[PDB]
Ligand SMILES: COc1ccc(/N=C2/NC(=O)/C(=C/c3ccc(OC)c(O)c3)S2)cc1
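Single chain ahead, by itself, as structure tokens, in the form deposited without this ligand.
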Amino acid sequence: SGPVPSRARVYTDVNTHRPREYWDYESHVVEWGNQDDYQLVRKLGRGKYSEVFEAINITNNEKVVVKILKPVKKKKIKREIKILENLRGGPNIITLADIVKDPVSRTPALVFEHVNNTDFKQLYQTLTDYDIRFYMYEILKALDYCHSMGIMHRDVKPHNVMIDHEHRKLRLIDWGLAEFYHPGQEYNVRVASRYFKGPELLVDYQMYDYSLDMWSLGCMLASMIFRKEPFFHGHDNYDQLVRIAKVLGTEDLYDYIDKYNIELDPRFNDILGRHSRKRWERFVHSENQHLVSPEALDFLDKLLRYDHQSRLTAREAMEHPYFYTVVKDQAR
């Protein structure tokens, strides 16, 4: 009894070999700025945790984005602030410009640099084959950089990818769920968004790593190339695994929970059944075939695997033939 331990194939000990204050976010002292520098213009969007507004910095007349954080555990607030600052400057990562507070109620707000307010669920169904390749590569730059800096995003989905299509500019946003990787650590399986949850979360396996993000990136790519959104459309967390199992096959799933000796939740017993590994060509049809190539299908297949350890790392993914034509244009 008891689960087999796991560890990341890359950047396993980047946090071990850094000063505590890098990853000990509970101890981070927040340096507050002047709230009266920022005035609101319009609401951009909302979430469970936050309310988001476009605003103007009256000192220099520039547009900003203010993510107002609803009451949560101070712990969670510091975690996001530390991560945003550790990754600040990095490729395709959102730039945190300032942190402010309502001196009376003490509601904290994050101030980011302006991003053109079009996420991915917005045009990523009218993009060309090269466009999908191009933007997928840009997500991998951020995913490789934040992994290399010892951080897993834990909520990769289209709502969290901001695209200025006019300027071919991409930003990976919302790090309120991101967490530091420490080998051996048992993490919370309650992360992401149902449709982007990795198998490891759905079976309650806690010793996951950066690979979780690669599953989610798989779910995105499948959605974009096959033109089905979301790709795995589960009604609850248990059903979510049944949807995945209908595509990947139940054989590799029972192999997976054996390799890692994971005690399944009793309410999976009679629900999963027996399903074959389906061929990726099955989801191809006339509306989507212009986006589906053999390189796309090989790449997808190497991302969407039950075994987190067999999934491509973000750096490995970047090496795939699917991006050869992008990497060629990029060197210019």
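Take the two forms, superpose them, and find the largest set of C-alpha atoms that agree within 1.5 Å; that set is the rigid core. All residue numbers are counted from 1 along the displayed sequence.
Look at the C-alpha B-factors of 51-59 and of 66-74. On average they run higher in 66-74. Set 259-267 against 298-306 and average the Cα temperature factors; 259-267 ends up higher. The entry lists a Cα temperature factor for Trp280 that places it in the highest third of the chain's modelled residues. Among the modelled residues of the chain, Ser286 sits in the highest third by CA temperature factor in this PDB entry.
When the CA B factors of the chain's modelled residues are split into thirds, the value for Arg9 lands in the middle one. When the CA B factors of the chain's modelled residues are split into thirds, the value for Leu127 lands in the highest one.
Among the modelled residues of its chain, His320 has a C-alpha B-factor that falls in the middle third, as given in the PDB entry.
The same protein also exists as the form deposited with this ligand bound; that form is not shown, yet it is the one meant from here on.
Site accessibility, blocked: after C-alpha superposition of the site, this ligand as positioned in the deposited bound form shows three or more atoms within 2.4 Å of the backbone or C-beta atoms of the displayed chain. A residue is said to contact a partner when one of its heavy atoms sits within 4.5 Å of a partner heavy atom; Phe112 meets this definition for this ligand in the deposited bound form. Within this chain, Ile173 lines the site of this ligand in the deposited bound form, having a heavy atom no more than 4.5 Å away. Contact annotation for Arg277: none of its heavy atoms lies within 4.5 Å of this ligand in the deposited bound form.
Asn117 belongs to the set of residues with a heavy atom inside 4.5 Å of this ligand in the deposited bound form. Listed residues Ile94, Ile244, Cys146, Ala192 were compared with this ligand in the deposited bound form; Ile94 is the one with a heavy atom within 4.5 Å. Highlighted residues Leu44, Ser50 and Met162: every one comes within 4.5 Å of this ligand in the deposited bound form, counting any heavy atom.
Residues are counted as partner-facing when one of their heavy atoms sits within 4.5 Å of this ligand in the deposited bound form; in 217-231 not one qualifies. Just one residue from the list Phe226, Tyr135, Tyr210, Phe120 crosses the 2 Å line for C-alpha shift between the shown form and the other one on a rigid core fit, and it is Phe120. After superposition on the rigid core, the Cα atom of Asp102 is displaced by 2 Å or more between the shown form and the other one.
One change in the deposited bound form concerns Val104 and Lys63, whose Cα atoms lie at least 3 Å closer than in this form.
CA of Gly176 to CA of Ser105: closer by 3 Å or more in the deposited bound form than in the shown form.
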